[PDB]
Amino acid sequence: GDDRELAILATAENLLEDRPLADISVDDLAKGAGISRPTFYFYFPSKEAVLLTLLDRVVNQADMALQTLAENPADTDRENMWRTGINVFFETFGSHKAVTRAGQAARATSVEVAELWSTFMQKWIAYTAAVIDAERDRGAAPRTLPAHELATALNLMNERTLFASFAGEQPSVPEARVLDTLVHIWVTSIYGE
């Protein structure tokens, strides 16, 4: 039952490494999960809905790791604090590149996918802003831009830059340089007066 479901998801994540959702059929997903097409439809309304669930899992996995970090602060300087935080996104989305890629593309055509991304981006920006405000209240960061506006731009940077790297777009930062690239820009923009 729930195994049929995980099989469908695993099959879909697999096929998305080789081709776009447009080039994967419900028959393709049924076949791969070892069920019939009507049986597939019992579990999921559409292949689109399969993507949404995979994206939902990746996004929630990043979110939960971030919550875990927030509750268990690493004992380091402020540079490594931010690095650790950004790394949650680097590793989580980096471990799920096909889903990341197909999820980002589906924003154009799926109101549910766009709202899912938007909901979590808003949550992550609000967390980023709270940390910057904490740092300013401590007197560690100067009061420059509105914290929420700064957080917005830094989070949008991370989205576009990480996803460009992961897809090997031209242009992009090499994947092996992207973490340090983002941490430098976070730290200088957050602490620079």
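Throughout, rigid core stands for the largest set of C-alpha atoms superposing within 1.5 Å between the two forms. Throughout, we count residues from 1 along the sequence that is shown.
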Core-aligned CA RMS in 9 other deposited structures of this protein: between 66 to 74 and 36 to 44 the higher one is 66 to 74
So if we fit everything on the core, which stretch drifts more in 9 other deposited structures of this protein, 76 to 84 or 91 to 99, C-alphas only?
76 to 84
Mean C-alpha B factor from the entry: is it higher for 149 to 157 or for 55 to 63?
55 to 63
Going by the mean C-alpha B-factor recorded in the entry, which is higher: 86 to 94 or 69 to 77?
69 to 77
Of the options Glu175, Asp23, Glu169, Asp180, which has the highest CA B factor as deposited?
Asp23
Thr100's Cα B-factor: lowest, middle or highest third of the chain?
middle
For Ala30, does the deposited CA B-factor place it in the lowest, middle or highest third of the chain?
highest
Which third, lowest, middle or highest, does the CA B-factor of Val113 fall in along this chain?
middle
Sorting by Cα B-factor within the chain, modelled residues only, which third would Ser165 end up in: lowest, middle or highest?
lowest
Tertile call for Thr128 (CA temperature factor, within chain, third-based) is the lowest
